[PDB]
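structure_31.pdb follows; it contains PDB, N, CA and C atoms.
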```
ATOM      1  N   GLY I   1     -15.500 -27.383 -31.381
ATOM      2  CA  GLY I   1     -15.364 -26.872 -29.986
ATOM      3  C   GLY I   1     -16.658 -26.967 -29.202
ATOM      4  N   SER I   2     -16.540 -26.994 -27.878
ATOM      5  CA  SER I   2     -17.704 -27.086 -27.005
ATOM      6  C   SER I   2     -17.489 -26.254 -25.746
ATOM      7  N   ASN I   3     -18.582 -25.792 -25.150
ATOM      8  CA  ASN I   3     -18.498 -24.985 -23.938
ATOM      9  C   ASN I   3     -18.003 -25.816 -22.760
ATOM     10  N   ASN I   4     -18.262 -27.120 -22.795
ATOM     11  CA  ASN I   4     -17.775 -28.010 -21.746
ATOM     12  C   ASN I   4     -16.249 -28.047 -21.755
ATOM     13  N   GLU I   5     -15.657 -28.078 -22.945
ATOM     14  CA  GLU I   5     -14.206 -28.020 -23.066
ATOM     15  C   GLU I   5     -13.701 -26.697 -22.512
ATOM     16  N   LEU I   6     -14.426 -25.630 -22.822
ATOM     17  CA  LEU I   6     -14.073 -24.298 -22.351
ATOM     18  C   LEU I   6     -14.140 -24.233 -20.828
ATOM     19  N   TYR I   7     -15.232 -24.734 -20.260
ATOM     20  CA  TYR I   7     -15.396 -24.759 -18.809
ATOM     21  C   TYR I   7     -14.255 -25.530 -18.154
ATOM     22  N   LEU I   8     -13.966 -26.711 -18.688
ATOM     23  CA  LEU I   8     -12.919 -27.556 -18.133
ATOM     24  C   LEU I   8     -11.562 -26.864 -18.189
ATOM     25  N   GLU I   9     -11.328 -26.092 -19.246
ATOM     26  CA  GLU I   9     -10.074 -25.361 -19.379
ATOM     27  C   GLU I   9      -9.967 -24.279 -18.307
ATOM     28  N   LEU I  10     -11.067 -23.572 -18.064
ATOM     29  CA  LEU I  10     -11.090 -22.524 -17.046
ATOM     30  C   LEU I  10     -10.822 -23.116 -15.667
ATOM     31  N   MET I  11     -11.322 -24.323 -15.445
ATOM     32  CA  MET I  11     -11.113 -25.011 -14.181
ATOM     33  C   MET I  11      -9.647 -25.394 -14.019
ATOM     34  N   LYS I  12      -9.039 -25.862 -15.104
ATOM     35  CA  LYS I  12      -7.632 -26.248 -15.090
ATOM     36  C   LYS I  12      -6.742 -25.034 -14.831
ATOM     37  N   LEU I  13      -7.072 -23.914 -15.466
ATOM     38  CA  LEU I  13      -6.311 -22.683 -15.282
ATOM     39  C   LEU I  13      -6.342 -22.241 -13.824
ATOM     40  N   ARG I  14      -7.519 -22.317 -13.211
ATOM     41  CA  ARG I  14      -7.686 -21.912 -11.821
ATOM     42  C   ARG I  14      -6.801 -22.751 -10.907
ATOM     43  N   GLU I  15      -6.798 -24.060 -11.130
ATOM     44  CA  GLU I  15      -6.023 -24.966 -10.289
ATOM     45  C   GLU I  15      -4.524 -24.717 -10.444
ATOM     46  N   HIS I  16      -4.087 -24.426 -11.666
ATOM     47  CA  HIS I  16      -2.682 -24.122 -11.912
ATOM     48  C   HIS I  16      -2.291 -22.818 -11.224
ATOM     49  N   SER I  17      -3.169 -21.824 -11.299
ATOM     50  CA  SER I  17      -2.920 -20.539 -10.658
ATOM     51  C   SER I  17      -2.795 -20.700  -9.144
ATOM     52  N   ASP I  18      -3.694 -21.485  -8.555
ATOM     53  CA  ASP I  18      -3.674 -21.718  -7.114
ATOM     54  C   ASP I  18      -2.338 -22.305  -6.673
ATOM     55  N   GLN I  19      -1.798 -23.215  -7.476
ATOM     56  CA  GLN I  19      -0.506 -23.821  -7.181
ATOM     57  C   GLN I  19       0.602 -22.773  -7.253
ATOM     58  N   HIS I  20       0.504 -21.886  -8.237
ATOM     59  CA  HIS I  20       1.493 -20.831  -8.412
ATOM     60  C   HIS I  20       1.466 -19.880  -7.218
ATOM     61  N   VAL I  21       0.267 -19.595  -6.718
ATOM     62  CA  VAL I  21       0.096 -18.730  -5.555
ATOM     63  C   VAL I  21       0.873 -19.283  -4.361
ATOM     64  N   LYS I  22       0.762 -20.587  -4.129
ATOM     65  CA  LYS I  22       1.444 -21.210  -2.999
ATOM     66  C   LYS I  22       2.957 -21.059  -3.127
ATOM     67  N   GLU I  23       3.470 -21.253  -4.337
ATOM     68  CA  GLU I  23       4.904 -21.150  -4.586
ATOM     69  C   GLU I  23       5.393 -19.721  -4.367
ATOM     70  N   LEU I  24       4.591 -18.753  -4.797
ATOM     71  CA  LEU I  24       4.959 -17.346  -4.681
ATOM     72  C   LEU I  24       4.950 -16.884  -3.227
ATOM     73  N   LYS I  25       3.977 -17.357  -2.458
ATOM     74  CA  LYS I  25       3.903 -17.015  -1.043
ATOM     75  C   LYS I  25       5.159 -17.498  -0.325
ATOM     76  N   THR I  26       5.657 -18.662  -0.727
ATOM     77  CA  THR I  26       6.882 -19.207  -0.153
ATOM     78  C   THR I  26       8.082 -18.342  -0.528
ATOM     79  N   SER I  27       8.183 -17.997  -1.808
ATOM     80  CA  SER I  27       9.278 -17.162  -2.291
ATOM     81  C   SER I  27       9.266 -15.803  -1.603
ATOM     82  N   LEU I  28       8.071 -15.257  -1.404
ATOM     83  CA  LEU I  28       7.922 -13.931  -0.819
ATOM     84  C   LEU I  28       8.441 -13.910   0.616
ATOM     85  N   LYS I  29       8.090 -14.937   1.385
ATOM     86  CA  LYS I  29       8.549 -15.045   2.766
ATOM     87  C   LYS I  29      10.067 -15.148   2.817
ATOM     88  N   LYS I  30      10.630 -15.947   1.917
ATOM     89  CA  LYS I  30      12.076 -16.114   1.831
ATOM     90  C   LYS I  30      12.755 -14.777   1.549
ATOM     91  N   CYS I  31      12.272 -14.077   0.527
ATOM     92  CA  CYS I  31      12.855 -12.797   0.142
ATOM     93  C   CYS I  31      12.752 -11.784   1.277
ATOM     94  N   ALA I  32      11.614 -11.780   1.963
ATOM     95  CA  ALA I  32      11.372 -10.830   3.044
ATOM     96  C   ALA I  32      12.387 -11.000   4.174
ATOM     97  N   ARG I  33      12.772 -12.242   4.448
ATOM     98  CA  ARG I  33      13.761 -12.513   5.486
ATOM     99  C   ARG I  33      15.132 -12.002   5.060
ATOM    100  N   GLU I  34      15.467 -12.213   3.792
ATOM    101  CA  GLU I  34      16.753 -11.781   3.257
ATOM    102  C   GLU I  34      16.885 -10.261   3.311
ATOM    103  N   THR I  35      15.801  -9.561   2.993
ATOM    104  CA  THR I  35      15.794  -8.104   3.035
ATOM    105  C   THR I  35      15.993  -7.620   4.468
ATOM    106  N   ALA I  36      15.320  -8.274   5.407
ATOM    107  CA  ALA I  36      15.443  -7.921   6.816
ATOM    108  C   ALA I  36      16.893  -8.048   7.279
ATOM    109  N   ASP I  37      17.530  -9.156   6.917
ATOM    110  CA  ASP I  37      18.907  -9.416   7.320
ATOM    111  C   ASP I  37      19.865  -8.379   6.741
ATOM    112  N   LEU I  38      19.720  -8.100   5.450
ATOM    113  CA  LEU I  38      20.565  -7.117   4.779
ATOM    114  C   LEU I  38      20.396  -5.736   5.402
ATOM    115  N   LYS I  39      19.166  -5.416   5.788
ATOM    116  CA  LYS I  39      18.865  -4.117   6.372
ATOM    117  C   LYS I  39      19.565  -3.969   7.719
ATOM    118  N   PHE I  40      19.546  -5.044   8.499
ATOM    119  CA  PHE I  40      20.183  -5.061   9.810
ATOM    120  C   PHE I  40      21.699  -4.970   9.665
ATOM    121  N   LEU I  41      22.244  -5.738   8.728
ATOM    122  CA  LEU I  41      23.680  -5.743   8.478
ATOM    123  C   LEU I  41      24.155  -4.380   7.978
ATOM    124  N   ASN I  42      23.388  -3.782   7.072
ATOM    125  CA  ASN I  42      23.741  -2.480   6.518
ATOM    126  C   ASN I  42      23.801  -1.414   7.608
ATOM    127  N   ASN I  43      22.895  -1.504   8.575
ATOM    128  CA  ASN I  43      22.854  -0.539   9.667
ATOM    129  C   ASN I  43      24.113  -0.648  10.522
ATOM    130  N   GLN I  44      24.586  -1.874  10.719
ATOM    131  CA  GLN I  44      25.818  -2.106  11.463
ATOM    132  C   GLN I  44      27.007  -1.547  10.691
ATOM    133  N   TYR I  45      27.069  -1.874   9.404
ATOM    134  CA  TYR I  45      28.152  -1.413   8.541
ATOM    135  C   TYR I  45      28.223   0.109   8.493
ATOM    136  N   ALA I  46      27.082   0.747   8.249
ATOM    137  CA  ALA I  46      27.028   2.200   8.143
ATOM    138  C   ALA I  46      27.579   2.839   9.409
ATOM    139  N   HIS I  47      27.234   2.250  10.546
ATOM    140  CA  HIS I  47      27.657   2.762  11.841
ATOM    141  C   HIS I  47      29.159   2.581  12.039
ATOM    142  N   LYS I  48      29.656   1.388  11.730
ATOM    143  CA  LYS I  48      31.074   1.087  11.882
ATOM    144  C   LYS I  48      31.915   2.033  11.032
ATOM    145  N   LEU I  49      31.443   2.311   9.822
ATOM    146  CA  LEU I  49      32.122   3.243   8.929
ATOM    147  C   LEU I  49      32.125   4.653   9.511
ATOM    148  N   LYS I  50      31.080   4.983  10.261
ATOM    149  CA  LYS I  50      30.944   6.315  10.836
ATOM    150  C   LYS I  50      31.790   6.466  12.099
ATOM    151  N   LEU I  51      32.159   5.344  12.712
ATOM    152  CA  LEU I  51      33.023   5.369  13.888
ATOM    153  C   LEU I  51      34.465   5.647  13.481
ATOM    154  N   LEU I  52      34.886   5.042  12.375
ATOM    155  CA  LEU I  52      36.248   5.203  11.883
ATOM    156  C   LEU I  52      36.527   6.659  11.522
ATOM    157  N   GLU I  53      35.500   7.355  11.044
ATOM    158  CA  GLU I  53      35.627   8.769  10.715
ATOM    159  C   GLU I  53      35.906   9.580  11.976
ATOM    160  N   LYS I  54      35.090   9.369  13.005
ATOM    161  CA  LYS I  54      35.277  10.045  14.282
ATOM    162  C   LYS I  54      36.598   9.627  14.922
TER     163      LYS I  54
ATOM    164  N   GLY N   1     -28.569 -17.040 -19.817
ATOM    165  CA  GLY N   1     -29.217 -18.020 -18.898
ATOM    166  C   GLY N   1     -28.224 -18.670 -17.957
ATOM    167  N   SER N   2     -28.571 -19.851 -17.455
ATOM    168  CA  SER N   2     -27.716 -20.560 -16.509
ATOM    169  C   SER N   2     -26.388 -20.970 -17.146
ATOM    170  N   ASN N   3     -26.379 -21.145 -18.465
ATOM    171  CA  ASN N   3     -25.146 -21.467 -19.176
ATOM    172  C   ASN N   3     -24.171 -20.303 -19.053
ATOM    173  N   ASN N   4     -24.677 -19.099 -19.294
ATOM    174  CA  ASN N   4     -23.878 -17.888 -19.159
ATOM    175  C   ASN N   4     -23.430 -17.689 -17.714
ATOM    176  N   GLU N   5     -24.328 -17.966 -16.773
ATOM    177  CA  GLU N   5     -24.014 -17.815 -15.357
ATOM    178  C   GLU N   5     -22.851 -18.729 -14.975
ATOM    179  N   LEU N   6     -22.897 -19.970 -15.447
ATOM    180  CA  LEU N   6     -21.833 -20.929 -15.162
ATOM    181  C   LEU N   6     -20.509 -20.448 -15.743
ATOM    182  N   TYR N   7     -20.552 -19.963 -16.980
ATOM    183  CA  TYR N   7     -19.359 -19.439 -17.638
ATOM    184  C   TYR N   7     -18.765 -18.285 -16.839
ATOM    185  N   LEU N   8     -19.618 -17.356 -16.420
ATOM    186  CA  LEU N   8     -19.158 -16.175 -15.696
ATOM    187  C   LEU N   8     -18.590 -16.528 -14.323
ATOM    188  N   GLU N   9     -19.175 -17.523 -13.662
ATOM    189  CA  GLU N   9     -18.683 -17.954 -12.356
ATOM    190  C   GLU N   9     -17.324 -18.634 -12.488
ATOM    191  N   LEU N  10     -17.169 -19.463 -13.516
ATOM    192  CA  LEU N  10     -15.899 -20.148 -13.738
ATOM    193  C   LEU N  10     -14.826 -19.153 -14.157
ATOM    194  N   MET N  11     -15.219 -18.156 -14.941
ATOM    195  CA  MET N  11     -14.288 -17.114 -15.347
ATOM    196  C   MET N  11     -13.871 -16.304 -14.127
ATOM    197  N   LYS N  12     -14.834 -16.026 -13.253
ATOM    198  CA  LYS N  12     -14.565 -15.294 -12.022
ATOM    199  C   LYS N  12     -13.488 -15.984 -11.197
ATOM    200  N   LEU N  13     -13.633 -17.293 -11.018
ATOM    201  CA  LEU N  13     -12.689 -18.060 -10.215
ATOM    202  C   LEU N  13     -11.322 -18.070 -10.885
ATOM    203  N   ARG N  14     -11.319 -18.244 -12.203
ATOM    204  CA  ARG N  14     -10.084 -18.222 -12.975
ATOM    205  C   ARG N  14      -9.379 -16.880 -12.795
ATOM    206  N   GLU N  15     -10.124 -15.797 -12.974
ATOM    207  CA  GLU N  15      -9.531 -14.465 -12.967
ATOM    208  C   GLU N  15      -9.082 -14.050 -11.566
ATOM    209  N   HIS N  16      -9.840 -14.437 -10.546
ATOM    210  CA  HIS N  16      -9.473 -14.103  -9.171
ATOM    211  C   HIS N  16      -8.122 -14.707  -8.800
ATOM    212  N   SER N  17      -7.920 -15.968  -9.171
ATOM    213  CA  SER N  17      -6.676 -16.665  -8.864
ATOM    214  C   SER N  17      -5.513 -16.091  -9.667
ATOM    215  N   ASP N  18      -5.764 -15.778 -10.933
ATOM    216  CA  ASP N  18      -4.734 -15.217 -11.801
ATOM    217  C   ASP N  18      -4.325 -13.830 -11.314
ATOM    218  N   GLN N  19      -5.304 -13.056 -10.861
ATOM    219  CA  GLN N  19      -5.040 -11.721 -10.338
ATOM    220  C   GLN N  19      -4.215 -11.817  -9.060
ATOM    221  N   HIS N  20      -4.423 -12.895  -8.311
ATOM    222  CA  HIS N  20      -3.669 -13.140  -7.088
ATOM    223  C   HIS N  20      -2.208 -13.428  -7.421
ATOM    224  N   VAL N  21      -1.990 -14.223  -8.465
ATOM    225  CA  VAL N  21      -0.642 -14.515  -8.944
ATOM    226  C   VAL N  21       0.040 -13.215  -9.354
ATOM    227  N   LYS N  22      -0.682 -12.381 -10.095
ATOM    228  CA  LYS N  22      -0.160 -11.092 -10.535
ATOM    229  C   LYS N  22       0.294 -10.256  -9.346
ATOM    230  N   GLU N  23      -0.570 -10.158  -8.341
ATOM    231  CA  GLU N  23      -0.272  -9.402  -7.130
ATOM    232  C   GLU N  23       1.030  -9.878  -6.494
ATOM    233  N   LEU N  24       1.103 -11.177  -6.222
ATOM    234  CA  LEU N  24       2.254 -11.758  -5.544
ATOM    235  C   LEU N  24       3.524 -11.650  -6.384
ATOM    236  N   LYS N  25       3.398 -11.854  -7.691
ATOM    237  CA  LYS N  25       4.539 -11.715  -8.591
ATOM    238  C   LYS N  25       5.129 -10.313  -8.497
ATOM    239  N   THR N  26       4.252  -9.318  -8.483
ATOM    240  CA  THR N  26       4.677  -7.927  -8.433
ATOM    241  C   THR N  26       5.292  -7.621  -7.072
ATOM    242  N   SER N  27       4.724  -8.198  -6.018
ATOM    243  CA  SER N  27       5.250  -8.015  -4.670
ATOM    244  C   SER N  27       6.640  -8.629  -4.542
ATOM    245  N   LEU N  28       6.829  -9.784  -5.172
ATOM    246  CA  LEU N  28       8.113 -10.473  -5.128
ATOM    247  C   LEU N  28       9.168  -9.689  -5.900
ATOM    248  N   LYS N  29       8.781  -9.158  -7.058
ATOM    249  CA  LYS N  29       9.672  -8.316  -7.850
ATOM    250  C   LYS N  29      10.114  -7.108  -7.032
ATOM    251  N   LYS N  30       9.172  -6.527  -6.297
ATOM    252  CA  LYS N  30       9.468  -5.385  -5.445
ATOM    253  C   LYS N  30      10.467  -5.790  -4.370
ATOM    254  N   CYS N  31      10.223  -6.932  -3.739
ATOM    255  CA  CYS N  31      11.110  -7.414  -2.688
ATOM    256  C   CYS N  31      12.498  -7.705  -3.250
ATOM    257  N   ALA N  32      12.548  -8.247  -4.461
ATOM    258  CA  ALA N  32      13.821  -8.553  -5.104
ATOM    259  C   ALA N  32      14.586  -7.267  -5.415
ATOM    260  N   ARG N  33      13.858  -6.225  -5.805
ATOM    261  CA  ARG N  33      14.468  -4.927  -6.075
ATOM    262  C   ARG N  33      15.058  -4.351  -4.794
ATOM    263  N   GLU N  34      14.311  -4.468  -3.703
ATOM    264  CA  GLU N  34      14.766  -3.969  -2.412
ATOM    265  C   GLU N  34      16.022  -4.711  -1.973
ATOM    266  N   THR N  35      16.063  -6.007  -2.256
ATOM    267  CA  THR N  35      17.224  -6.824  -1.934
ATOM    268  C   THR N  35      18.437  -6.351  -2.727
ATOM    269  N   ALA N  36      18.232  -6.057  -4.007
ATOM    270  CA  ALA N  36      19.322  -5.596  -4.861
ATOM    271  C   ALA N  36      19.864  -4.261  -4.358
ATOM    272  N   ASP N  37      18.960  -3.351  -4.011
ATOM    273  CA  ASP N  37      19.353  -2.043  -3.497
ATOM    274  C   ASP N  37      20.187  -2.181  -2.229
ATOM    275  N   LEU N  38      19.812  -3.126  -1.374
ATOM    276  CA  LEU N  38      20.509  -3.319  -0.106
ATOM    277  C   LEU N  38      21.858  -3.997  -0.312
ATOM    278  N   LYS N  39      21.911  -4.965  -1.223
ATOM    279  CA  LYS N  39      23.171  -5.631  -1.541
ATOM    280  C   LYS N  39      24.179  -4.632  -2.094
ATOM    281  N   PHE N  40      23.713  -3.744  -2.967
ATOM    282  CA  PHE N  40      24.577  -2.717  -3.528
ATOM    283  C   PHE N  40      25.212  -1.901  -2.410
ATOM    284  N   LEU N  41      24.381  -1.419  -1.492
ATOM    285  CA  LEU N  41      24.869  -0.650  -0.354
ATOM    286  C   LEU N  41      25.754  -1.519   0.529
ATOM    287  N   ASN N  42      25.316  -2.752   0.759
ATOM    288  CA  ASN N  42      26.051  -3.687   1.599
ATOM    289  C   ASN N  42      27.453  -3.927   1.050
ATOM    290  N   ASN N  43      27.542  -4.178  -0.253
ATOM    291  CA  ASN N  43      28.826  -4.425  -0.899
ATOM    292  C   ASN N  43      29.689  -3.170  -0.891
ATOM    293  N   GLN N  44      29.046  -2.013  -1.012
ATOM    294  CA  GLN N  44      29.759  -0.742  -1.025
ATOM    295  C   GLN N  44      30.349  -0.464   0.352
ATOM    296  N   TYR N  45      29.562  -0.726   1.390
ATOM    297  CA  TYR N  45      30.031  -0.587   2.762
ATOM    298  C   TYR N  45      31.195  -1.533   3.037
ATOM    299  N   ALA N  46      30.948  -2.827   2.850
ATOM    300  CA  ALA N  46      31.937  -3.858   3.149
ATOM    301  C   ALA N  46      33.260  -3.580   2.445
ATOM    302  N   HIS N  47      33.185  -3.239   1.163
ATOM    303  CA  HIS N  47      34.381  -2.938   0.387
ATOM    304  C   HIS N  47      35.105  -1.731   0.970
ATOM    305  N   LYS N  48      34.336  -0.728   1.381
ATOM    306  CA  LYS N  48      34.902   0.495   1.938
ATOM    307  C   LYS N  48      35.542   0.227   3.300
ATOM    308  N   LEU N  49      35.024  -0.772   4.007
ATOM    309  CA  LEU N  49      35.542  -1.132   5.324
ATOM    310  C   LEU N  49      36.894  -1.830   5.218
ATOM    311  N   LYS N  50      36.964  -2.852   4.371
ATOM    312  CA  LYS N  50      38.174  -3.654   4.222
ATOM    313  C   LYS N  50      39.404  -2.801   3.921
ATOM    314  N   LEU N  51      39.196  -1.674   3.248
ATOM    315  CA  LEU N  51      40.298  -0.793   2.877
ATOM    316  C   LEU N  51      40.856  -0.060   4.095
ATOM    317  N   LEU N  52      39.965   0.445   4.941
ATOM    318  CA  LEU N  52      40.376   1.179   6.134
ATOM    319  C   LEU N  52      40.992   0.241   7.169
ATOM    320  N   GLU N  53      40.515  -0.999   7.199
ATOM    321  CA  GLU N  53      41.033  -1.996   8.129
ATOM    322  C   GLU N  53      42.513  -2.256   7.872
TER     323      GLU N  53
END
```

For this file, produce the structure as structure tokens.
Amino acid sequence: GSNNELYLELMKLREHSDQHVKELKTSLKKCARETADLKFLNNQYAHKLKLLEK
Amino acid sequence: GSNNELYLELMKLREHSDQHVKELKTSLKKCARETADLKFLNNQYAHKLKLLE
């Protein structure tokens, strides 16, 4: 083994992580939109259900 | 010495990026949980509506 191999491995790990970060940021934005939509829809549903009672 | 400094700097960069992945992964899990909670309510509402209709 050599420290150069170790250094190179740490560099490879960093680059892989950076790529993962980009993918996660994309997924997060997608999920956030879905939550927003469901929240809006749920508010409509809850209200409609409350009208039928009255 | 400088060998140790190089190791620590490379480890720093490695760990900073990995910690970032951890953060985002946990945030996404949270968002996914929130989505599940809302779908449950959403499905419960919708199902309850179709019956009264």

Residues of chain I near chain N: apply a cut-off of 8 Å, count all atoms listed in the file, and supply the list as a PyMOL selection string.
chain I and resi 6-7+10-18+20-22+24-25+27-29+31-32+34-36+38-39+41-43+45-46+48-49

What separation in Å, quoted to one decimal, exists between atom CA of residue 50 of chain I and atom CA of residue 40 of chain N?
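Spanning atom CA of residue 50 of chain I to atom CA of residue 40 of chain N is a straight-line distance of 18.1 Å.
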
Work out how far atom CA of residue 9 of chain I is from atom C of residue 2 of chain N, in Å to one decimal.
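It comes out at 17.0 Å.
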
Could you model N, CA, C and O atoms for segment 18-41 of chain N and present them as a PDB file, in the coordinates of the input?
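Result went into selection.pdb, see below:
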```pdb
ATOM      1  N   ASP N  18      -5.764 -15.778 -10.933  1.00  0.00           N
ATOM      2  CA  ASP N  18      -4.734 -15.217 -11.801  1.00  0.00           C
ATOM      3  C   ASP N  18      -4.325 -13.830 -11.314  1.00  0.00           C
ATOM      4  O   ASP N  18      -3.150 -13.467 -11.353  1.00  0.00           O
ATOM      5  N   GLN N  19      -5.304 -13.056 -10.861  1.00  0.00           N
ATOM      6  CA  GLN N  19      -5.040 -11.721 -10.338  1.00  0.00           C
ATOM      7  C   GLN N  19      -4.215 -11.817  -9.060  1.00  0.00           C
ATOM      8  O   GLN N  19      -3.399 -10.942  -8.763  1.00  0.00           O
ATOM      9  N   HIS N  20      -4.423 -12.895  -8.311  1.00  0.00           N
ATOM     10  CA  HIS N  20      -3.669 -13.140  -7.088  1.00  0.00           C
ATOM     11  C   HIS N  20      -2.208 -13.428  -7.421  1.00  0.00           C
ATOM     12  O   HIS N  20      -1.300 -12.943  -6.747  1.00  0.00           O
ATOM     13  N   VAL N  21      -1.990 -14.223  -8.465  1.00  0.00           N
ATOM     14  CA  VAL N  21      -0.642 -14.515  -8.944  1.00  0.00           C
ATOM     15  C   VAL N  21       0.040 -13.215  -9.354  1.00  0.00           C
ATOM     16  O   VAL N  21       1.200 -12.978  -9.009  1.00  0.00           O
ATOM     17  N   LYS N  22      -0.682 -12.381 -10.095  1.00  0.00           N
ATOM     18  CA  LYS N  22      -0.160 -11.092 -10.535  1.00  0.00           C
ATOM     19  C   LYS N  22       0.294 -10.256  -9.346  1.00  0.00           C
ATOM     20  O   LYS N  22       1.396  -9.707  -9.345  1.00  0.00           O
ATOM     21  N   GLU N  23      -0.570 -10.158  -8.341  1.00  0.00           N
ATOM     22  CA  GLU N  23      -0.272  -9.402  -7.130  1.00  0.00           C
ATOM     23  C   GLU N  23       1.030  -9.878  -6.494  1.00  0.00           C
ATOM     24  O   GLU N  23       1.945  -9.089  -6.252  1.00  0.00           O
ATOM     25  N   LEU N  24       1.103 -11.177  -6.222  1.00  0.00           N
ATOM     26  CA  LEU N  24       2.254 -11.758  -5.544  1.00  0.00           C
ATOM     27  C   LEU N  24       3.524 -11.650  -6.384  1.00  0.00           C
ATOM     28  O   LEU N  24       4.604 -11.392  -5.852  1.00  0.00           O
ATOM     29  N   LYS N  25       3.398 -11.854  -7.691  1.00  0.00           N
ATOM     30  CA  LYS N  25       4.539 -11.715  -8.591  1.00  0.00           C
ATOM     31  C   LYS N  25       5.129 -10.313  -8.497  1.00  0.00           C
ATOM     32  O   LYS N  25       6.348 -10.136  -8.451  1.00  0.00           O
ATOM     33  N   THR N  26       4.252  -9.318  -8.483  1.00  0.00           N
ATOM     34  CA  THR N  26       4.677  -7.927  -8.433  1.00  0.00           C
ATOM     35  C   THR N  26       5.292  -7.621  -7.072  1.00  0.00           C
ATOM     36  O   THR N  26       6.266  -6.878  -6.980  1.00  0.00           O
ATOM     37  N   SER N  27       4.724  -8.198  -6.018  1.00  0.00           N
ATOM     38  CA  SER N  27       5.250  -8.015  -4.670  1.00  0.00           C
ATOM     39  C   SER N  27       6.640  -8.629  -4.542  1.00  0.00           C
ATOM     40  O   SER N  27       7.520  -8.070  -3.885  1.00  0.00           O
ATOM     41  N   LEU N  28       6.829  -9.784  -5.172  1.00  0.00           N
ATOM     42  CA  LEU N  28       8.113 -10.473  -5.128  1.00  0.00           C
ATOM     43  C   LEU N  28       9.168  -9.689  -5.900  1.00  0.00           C
ATOM     44  O   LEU N  28      10.309  -9.567  -5.454  1.00  0.00           O
ATOM     45  N   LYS N  29       8.781  -9.158  -7.058  1.00  0.00           N
ATOM     46  CA  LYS N  29       9.672  -8.316  -7.850  1.00  0.00           C
ATOM     47  C   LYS N  29      10.114  -7.108  -7.032  1.00  0.00           C
ATOM     48  O   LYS N  29      11.278  -6.707  -7.070  1.00  0.00           O
ATOM     49  N   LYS N  30       9.172  -6.527  -6.297  1.00  0.00           N
ATOM     50  CA  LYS N  30       9.468  -5.385  -5.445  1.00  0.00           C
ATOM     51  C   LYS N  30      10.467  -5.790  -4.370  1.00  0.00           C
ATOM     52  O   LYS N  30      11.441  -5.084  -4.118  1.00  0.00           O
ATOM     53  N   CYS N  31      10.223  -6.932  -3.739  1.00  0.00           N
ATOM     54  CA  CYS N  31      11.110  -7.414  -2.688  1.00  0.00           C
ATOM     55  C   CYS N  31      12.498  -7.705  -3.250  1.00  0.00           C
ATOM     56  O   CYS N  31      13.510  -7.433  -2.601  1.00  0.00           O
ATOM     57  N   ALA N  32      12.548  -8.247  -4.461  1.00  0.00           N
ATOM     58  CA  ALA N  32      13.821  -8.553  -5.104  1.00  0.00           C
ATOM     59  C   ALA N  32      14.586  -7.267  -5.415  1.00  0.00           C
ATOM     60  O   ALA N  32      15.813  -7.222  -5.305  1.00  0.00           O
ATOM     61  N   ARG N  33      13.858  -6.225  -5.805  1.00  0.00           N
ATOM     62  CA  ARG N  33      14.468  -4.927  -6.075  1.00  0.00           C
ATOM     63  C   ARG N  33      15.058  -4.351  -4.794  1.00  0.00           C
ATOM     64  O   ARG N  33      16.163  -3.808  -4.792  1.00  0.00           O
ATOM     65  N   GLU N  34      14.311  -4.468  -3.703  1.00  0.00           N
ATOM     66  CA  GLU N  34      14.766  -3.969  -2.412  1.00  0.00           C
ATOM     67  C   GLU N  34      16.022  -4.711  -1.973  1.00  0.00           C
ATOM     68  O   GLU N  34      16.937  -4.122  -1.397  1.00  0.00           O
ATOM     69  N   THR N  35      16.063  -6.007  -2.256  1.00  0.00           N
ATOM     70  CA  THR N  35      17.224  -6.824  -1.934  1.00  0.00           C
ATOM     71  C   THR N  35      18.437  -6.351  -2.727  1.00  0.00           C
ATOM     72  O   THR N  35      19.539  -6.255  -2.191  1.00  0.00           O
ATOM     73  N   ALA N  36      18.232  -6.057  -4.007  1.00  0.00           N
ATOM     74  CA  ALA N  36      19.322  -5.596  -4.861  1.00  0.00           C
ATOM     75  C   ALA N  36      19.864  -4.261  -4.358  1.00  0.00           C
ATOM     76  O   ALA N  36      21.078  -4.061  -4.286  1.00  0.00           O
ATOM     77  N   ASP N  37      18.960  -3.351  -4.011  1.00  0.00           N
ATOM     78  CA  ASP N  37      19.353  -2.043  -3.497  1.00  0.00           C
ATOM     79  C   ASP N  37      20.187  -2.181  -2.229  1.00  0.00           C
ATOM     80  O   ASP N  37      21.151  -1.445  -2.029  1.00  0.00           O
ATOM     81  N   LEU N  38      19.812  -3.126  -1.374  1.00  0.00           N
ATOM     82  CA  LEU N  38      20.509  -3.319  -0.106  1.00  0.00           C
ATOM     83  C   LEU N  38      21.858  -3.997  -0.312  1.00  0.00           C
ATOM     84  O   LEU N  38      22.839  -3.648   0.343  1.00  0.00           O
ATOM     85  N   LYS N  39      21.911  -4.965  -1.223  1.00  0.00           N
ATOM     86  CA  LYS N  39      23.171  -5.631  -1.541  1.00  0.00           C
ATOM     87  C   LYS N  39      24.179  -4.632  -2.094  1.00  0.00           C
ATOM     88  O   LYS N  39      25.358  -4.669  -1.742  1.00  0.00           O
ATOM     89  N   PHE N  40      23.713  -3.744  -2.967  1.00  0.00           N
ATOM     90  CA  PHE N  40      24.577  -2.717  -3.528  1.00  0.00           C
ATOM     91  C   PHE N  40      25.212  -1.901  -2.410  1.00  0.00           C
ATOM     92  O   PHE N  40      26.427  -1.715  -2.378  1.00  0.00           O
ATOM     93  N   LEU N  41      24.381  -1.419  -1.492  1.00  0.00           N
ATOM     94  CA  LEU N  41      24.869  -0.650  -0.354  1.00  0.00           C
ATOM     95  C   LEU N  41      25.754  -1.519   0.529  1.00  0.00           C
ATOM     96  O   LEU N  41      26.809  -1.082   0.987  1.00  0.00           O
TER      97      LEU N  41
END
```
